[PDB]
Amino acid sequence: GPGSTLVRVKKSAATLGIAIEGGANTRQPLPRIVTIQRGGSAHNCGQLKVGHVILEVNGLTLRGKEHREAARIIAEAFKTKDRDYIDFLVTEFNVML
């Protein structure tokens, strides 16, 4: 939908190197990227930014996922050996509901 971008992040480093905040039943109902660390996979990619809201991970919606579950989905997506990237559907819009 308008405002969303699919970003494929290569697993170029040993971590993703982002911090995320939010998840279901919080004021930030979909997770927001709050930091991008130098040296991590996300910094290397150049396509993810502080403020991006993550809508889907590898095609799985994060809507309805509590913060701990969303984070675990992303961690498991980074750890898997099935592929050498993670697909994030992100938006630059604020998401408030």
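Sequential numbering from 1, following the sequence displayed.
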query	finding
Residue range whose averaged C-alpha B-factor is higher in the record, 39-47 or 54-62	39-47
Residue stretch of maximal mean CA temperature factor, 1-9 vs 86-94	1-9
Where the record places residue 67 (Cα B-factor, split into thirds across the chain)	middle
Cα B factor band for residue 20 (lowest, middle or highest third within the chain)	lowest
B-factor third for the C-alpha atom of residue 14 within its chain	highest
